[PDB]
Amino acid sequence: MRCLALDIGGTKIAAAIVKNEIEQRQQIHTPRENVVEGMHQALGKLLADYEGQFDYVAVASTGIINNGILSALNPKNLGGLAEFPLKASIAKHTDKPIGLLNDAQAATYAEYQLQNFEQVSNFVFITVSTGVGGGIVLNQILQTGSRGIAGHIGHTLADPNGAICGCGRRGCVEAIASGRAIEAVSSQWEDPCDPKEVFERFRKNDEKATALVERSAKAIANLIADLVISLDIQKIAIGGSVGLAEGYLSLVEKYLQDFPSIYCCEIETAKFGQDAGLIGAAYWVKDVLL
């Protein structure tokens, strides 16, 4: 009835109790150097700050999540960490059941619970956050796949002539549209800035920042097209701090109406924010303990 939720990410490693709402939120510095020891200690402190306060642990986590292990498809999103015994480290601190699930899959399970269930049977949530991640609901069932890969739509093809992605594959969507991909360009400018800063020189109509935010949305627009015509998607919410940025969804919708109408789809802002992973894992774990 009472859940300890963790949203492990590249930037955000959240934690919260989910009674039926979020409460007692925390938000640690997801470590970017000495990360193997750093994540053991963070999982230790957070597990201590809540002992006896929960009946199960629900972990939404960046990376492929499979038999308790976190395999980082893109190690650049984890300070270099290729792998991590996620469930084990957590079990060193509590006896309660522990469910684990990719972070984007957890959000898509959250956002899907706000949808008219027989108007919308195929659904996709797209986070444009640190990287680019997704989860795929088909016939109301969240897809995870036999290895927990299903949903890793940020490493589908964006441009066969584009940047090498941190995963080793050329031209991924993540390598072109992600917060990381934006920052790789905006740091090397004569007038450097971080992603949030790119979004405001964008609104002031700086050529450079607009060309860069457009490159990202046009790629996300193409991702949605691929999704619509491959799986017959009926609605797409997009989350993440770049996705939820102001004026971005409009730029996606704009680039999406260059496509034959058949590729179009209803797109909405994620209605759960930085708390979609927590809430998703909390409900998704609970519903596969029944």
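The numbering used is simple: start at 1 and walk along the sequence shown.
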Using only the Cα atoms and their B-factors as the entry lists them, report which of 43-51 and 258-266 averages higher. 43-51
If you average the CA temperature factors over each stretch, which comes out higher, 146-154 or 110-118? 110-118
Of the residues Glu83, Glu174, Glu207, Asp103, the one whose Cα carries the largest B-factor in the deposited record is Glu207
Lowest, middle or highest third: where is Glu246 by C-alpha B factor in its chain? highest
Going by the recorded CA B-factors, say which third of the chain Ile229 sits in, lowest, middle or highest. lowest
What third of the chain, by the recorded C-alpha B-factor, contains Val198? highest
Sorting the chain's modelled residues by C-alpha B-factor and splitting them into thirds places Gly131 in the middle
Lowest, middle or highest third: where is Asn67 by Cα B-factor in its chain? middle
